[PDB]
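Protein chains: 2
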Amino acid sequence: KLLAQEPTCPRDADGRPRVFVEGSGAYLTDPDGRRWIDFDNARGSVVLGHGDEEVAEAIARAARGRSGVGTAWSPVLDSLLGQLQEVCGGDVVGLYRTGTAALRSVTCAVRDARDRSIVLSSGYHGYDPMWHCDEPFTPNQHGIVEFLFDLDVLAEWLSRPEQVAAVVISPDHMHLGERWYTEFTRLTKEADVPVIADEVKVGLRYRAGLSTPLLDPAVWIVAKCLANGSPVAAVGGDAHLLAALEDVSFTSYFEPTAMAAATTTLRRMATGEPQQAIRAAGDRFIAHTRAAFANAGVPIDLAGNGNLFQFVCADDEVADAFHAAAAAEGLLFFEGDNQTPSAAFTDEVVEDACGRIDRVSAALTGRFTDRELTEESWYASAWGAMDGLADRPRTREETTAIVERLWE
Amino acid sequence: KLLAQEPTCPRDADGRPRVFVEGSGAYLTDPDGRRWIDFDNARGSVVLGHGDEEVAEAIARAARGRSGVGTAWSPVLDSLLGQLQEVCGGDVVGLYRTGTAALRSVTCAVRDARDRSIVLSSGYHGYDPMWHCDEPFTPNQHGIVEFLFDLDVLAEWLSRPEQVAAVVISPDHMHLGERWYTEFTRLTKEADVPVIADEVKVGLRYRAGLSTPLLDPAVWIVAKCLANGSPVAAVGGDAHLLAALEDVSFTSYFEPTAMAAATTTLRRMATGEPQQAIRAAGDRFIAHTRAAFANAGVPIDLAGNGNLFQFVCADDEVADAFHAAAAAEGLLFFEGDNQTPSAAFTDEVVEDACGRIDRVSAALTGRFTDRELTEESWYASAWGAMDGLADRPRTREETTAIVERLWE
Ligand SMILES: *Cc1c(COP(=O)(O)O)cnc(C)c1O
Ligand SMILES: *Cc1c(COP(=O)(O)O)cnc(C)c1O
Ligand SMILES: [Mg+2]
Ligand SMILES: [Mg+2]
């Protein structure tokens with residue numbers, strides 16, 4: 009009753025936040041002592057695992073003042089900035105406390121440097137009201153045009169390239185492939201319009217770097233993979249587009265526990281070793297689950313890979329039944345959105361999770377055999393998880409019909 | 009070089025950041041092993057002392073997953089929200105990662121609820137470009153009117169109150185007295201315009217509550233005194249003005265180390281005991297330093313009190329020489345701004361700092377004896393530390409002259 013905000017979090021079927029009292033690695037414990045396997049992982053920001061020991065020891069030393077103070081530049085900051093530039097590229101780098109703050113700051117800075125008013129956007133960029141819009145494909149009151157990853161609309165807006173400050177996208181790799189990224193980059197290069205790659209979710213997710221070499225971002229942002237859940241985001245890119253960042257400073261800039269979390273995690277994510285382990289383990293879970301449902305006649309498929317995947321259900325009634333059965337087995341999925349295992353999702357947790365999925369599959373068998381995964385199923389599922397239109401062959405008239413069906 | 013941002017931090021006379029390796033209580037150690045006394049304390053957010061052990065134990069346990077996980081609601085959140093409402097009041101509360109994010113979100117929410125576009129503002133509210141303006145006393149492109157704590161200008165804008173959504177001020181108590189606040193509240197009550205009290209700096213600074221009962225804020229924000237430097241800011245107040253906060257959610261919302269720091273610190277700040285201890289110790293330092301300078305003919309005075317004070321120097325050459333001498337003695341002041349001791353500024357540290365000040369005063373003696381603090385000295389110093397005009401008697405035409413002198 010006291011909270012004015014509505015934070016995104018796991019909720020029961022009555023909409024009440026699920027409470028978890030502790031976590032370790034891949035397991036959460038609820039107030040009754042029941043253990044759940046976490047695939048949500050603070051919306052994909054816990055990539056090493058809850059309570060990771062190396063990060064925990066670094067945070068504890070930082071909390072005791074051993075690794076610098078919030079008052080001043082610390083011996084480890086240069087190494088953080090240098091590694092961010094080595095891994096992600098760019099002339100210059102910047103730090104923020106949320107993805108939302110980073111996205112607003114760089115978008116305003118790029119727009120100011122470009123002295124142009126229109127920003128073409130796809131994907132979620134945070135909670136700030138500058139991104140709110142009543143309708144797609146037209147400018148909101150902040151000059152932002154949502155284009156739902158539709159390249160026909162993008163091409164039309166880029167046909168008047170001089171009024172476009174930038175194109176900002178949150179890259180998705182479950183439903184957008186090589187053809188989409190090749191054409192996206194072709195259009196933006198042709199228009200000579202800088203690209204802001206919002207990689208808050210996919211930067212460092214798949215490898216020690218940004219998510220695809222088919223993008224040539226003028227500015228990038230990463231965050232969820234950077235600090236095992238501690239509140240750090242980073243940006244980098246062309247110096248002149250980020251000139252306005254000279255005005256950015258905030259009180260907790262040098263706070264040592266955030267710095268310990270980001271440096272310790274980035275050093276490990278820069279080895280590529282966590283992403284390779286998660287990919288293998290998550291891929292085994294996906295393969296098992298896809299086969300389990302298909303053999304049981306359960307109309308649920310999967311998209312994505314071990315690092316980041318989603319469930320595709322025939323309809324919302326199947327999805328509701330799936331989520332209720334998953335919760336009953338102690339599987340904690342980010343409902344309707346993307347599942348992101350951490351490095352604590354090891355071979356033994358995979359076996360546990362596969363066993364829980366066997367019980368989920370048994371619980372759904374015979375209930376929805378008549379339902380089919382349709383083109384509509386895939387569009388609706390993708391929309392819920394990557395905030396726009398899947399790259400599936402479609403006509404322009406179908407684009408309109410899908411958007412009218414799925415908007416709001 | 010790599011950093012696109014310009015974070016506020018202690019810098020040498022060439023503008024290079026000073027590095028500190030570790031800190032404990034009130035003492036910092038530099039790369040050469042020299043011990044410095046911190047009066048900056050992460051811009052006033054370290055109020056218990058660097059590496060406070062009780063906070064460090066709470067942070068370390070949270071870092072091991074023992075006190076909730078970033079994935080989900082945990083009991084510590086319920087306790088923090090209740091503590092905030094108990095100490096600061098209000099219908100509802102919200103949490104943010106910086107003061108800047110809190111001020112932008114609250115201001116946007118209040119403007120939306122009030123369905124009016126003009127916001128009257130004094131004081132610093134964070135780094136967001138919404139606060140930037142070319143000129144005081146006129147609306148910027150976001151509808152914000154800077155009025156530099158001038159009540160004649162405020163009265164002028166409030167004489168046509170229906171266009172005014174809110175008045176947001178960062179209360180200063182070094183240069184604005186009880187009569188300023190009585191008239192401010194009289195004017196805003198008369199206009200029936202809600203007040204947003206940006207208490208990011210002074211909330212809980214002087215006692216276990218907001219900074220003055222002479223203000224009647226519809227919405228408050230606190231942060232620097234909340235979490236001993238960990239990145240937490242809080243807001244609260246009238247539910248209808250904060251309705252838009254339902255749209256606020258961010259990935260690290262449930263991050264456990266931040267909540268551990270905030271609950272542990274707030275528990276102590278709620279007793280009023282740290283603020284009383286700091287007041288006493290800082291007052292002893294102020295008294296010693298005022299006399300040391302005055303008795304040596306050094307034209308530097310102090311304003312404020314033990315919780316929050318500043319140096320008032322005759323001119324910029326005196327200020328530069330003072331800062332260089334202080335650094336040479338290992339005194340770390342927030343240059344040109346406010347000094348905010350922590351609860352680790354105990355009798356022993358007071359004695360050490362007073363001896364260091366004796367050497368600063370010795371280094372300055374005989375260099376500036378012929379100079380005096382003028383009204384210009386006081387306006388210039390106050391402008392640098394509290395971001396507007398001191399409450400000194402002046403005409404409307406004199407307001408114009410001071411502002412023309414001091415506006416960048
Ligand atoms: C979550 C997310 C953001 C916002 O990050 P916060 O830290 O939650 O503000 C921005 N962009 C993308 C692509 C995201 O997934
Ligand atoms: C420092 C400060 C802010 C901004 O807070 P950050 O956490 O630095 O963004 C806002 N208001 C006041 C009064 C401040 O002193
Ligand atoms: Mg989503
Ligand atoms: Mg200041």
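Going down the list, the sequences are from chains A and B. In short: position in the first sequence from 1, add 8, done, that's the entry's author numbering. In short: position in the second sequence from 1, add 8, done, that's the entry's author numbering. Even for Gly, the Cβ is constructed at its ideal location relative to N, Cα and C.
Closest option to A:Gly98, judged by alpha-carbon separation, among A:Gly151, A:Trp139, A:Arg105, A:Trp228: A:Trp228.
The closest heavy atom of ligand 3 lies less than 7 Å from the beta carbon of A:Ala393.
Under the Cβ distance rule, B:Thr259 counts among the residues neighbouring chain A, one pair being separated by less than 8 Å. Taking the Cα positions, B:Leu223 is about 15 Å away from B:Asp246. Secondary-structure assignment with DSSP links B:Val54 through no beta bridge to anything. For A:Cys96, the three-state secondary structure derived from DSSP is helix. At a cut-off of 8 Å between C-beta atoms, A:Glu254 counts as an interface residue with respect to chain B.
A:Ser130 counts as buried, since at least 16 other C-beta atoms from the protein chains shown sit within 10 angstroms of its C-beta. For the pair of segments examined, the segment 289-301 of chain B was found not to touch the segment 232-251 of chain B: the number of CB pairs separated by less than 8 Å stays below three. Inter-residue distance for A:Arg105 and A:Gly344 is about 26 Å (C-alpha atoms, whole angstroms).
Pairing A:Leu159 with A:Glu191 gives a Cβ-Cβ distance under 8 Å. Using a cutoff of 7 Å, the CB of B:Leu111 counts as near ligand 2, since one of the ligand's heavy atoms is closer than that.
For A:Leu11, the closest Cβ of chain B is nearer than 8 Å. At a Cβ-Cβ threshold of 8 Å, B:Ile410 and B:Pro349 do not count as neighbours. Classified as buried, B:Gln283 has 16 or more neighbouring CB atoms from the shown chains inside 10 Å of its CB. Pairing A:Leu88 with B:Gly23, the inter-Cα distance amounts to about 21 Å. The beta carbon of B:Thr348 does not come within 8 Å of any beta carbon belonging to chain A, so the residue lies off that interface. Within 10 angstroms of the beta-carbon of A:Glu198 lie fewer than 16 other beta-carbons, which makes it exposed.
Closer than 8 Å to the CB of A:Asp46 there is at least one CB belonging to chain B. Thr79, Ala80, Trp81, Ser82, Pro83, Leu85, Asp86, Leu89, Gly90, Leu92, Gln93: these are the residues of the segment 79-94 of chain B whose beta carbon lies less than 9 Å from some beta carbon of chain A, given in chain order. Between the C-alpha atoms of B:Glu412 and B:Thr271 there is a straight-line separation of about 45 Å. Straight through space, the alpha carbons of A:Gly314 and A:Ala288 are spaced by roughly 6 Å. At a cut-off of 8 Å between beta carbons, B:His58 contacts chain A.
Within 7 Å of the C-beta of B:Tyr135 there is not a single heavy atom belonging to ligand 4. With fewer than 16 other Cβ atoms inside 10 Å of its own Cβ, B:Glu186 counts as exposed. Neighbours of B:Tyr387 in chain A, taken as residues at a C-beta separation under 9 Å, are lacking, since the least C-beta distance is about 24 Å. The shortest C-alpha to C-alpha distance from A:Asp38 to any of A:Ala335, A:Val240, A:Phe262 is the one to A:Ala335.
At a C-beta separation below 9 Å, B:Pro15 has these neighbours in chain A: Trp81, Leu103, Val256, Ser257, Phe258, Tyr261, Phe262. Residue environment analysis places B:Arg51 among the buried positions, since at least 16 neighbouring C-beta atoms fall within 10 angstroms of its C-beta. For B:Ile67, the closest Cβ of chain A is nearer than 8 Å. Comparing alpha carbon positions, the residue from B:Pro15, B:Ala322, B:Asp20 closest to A:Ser257 is B:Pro15. With a cut-off of 7 Å, the C-beta of B:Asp345 is classified as near ligand 4, since at least one heavy atom of the ligand falls inside that distance. In the DSSP secondary-structure assignment, A:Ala174 is bridged to A:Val127.
If you check the CB distance, B:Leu162 and B:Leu195 come in under 8 Å. Within the same chain, and ignoring the five residues on either side of B:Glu30 in sequence, the residues whose Cβ sits closer than 6 Å to its Cβ are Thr37. Inclusion of B:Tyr132 in the 7 Å shell around ligand 4 follows from its C-beta lying nearer than that to a non-hydrogen atom of the ligand.
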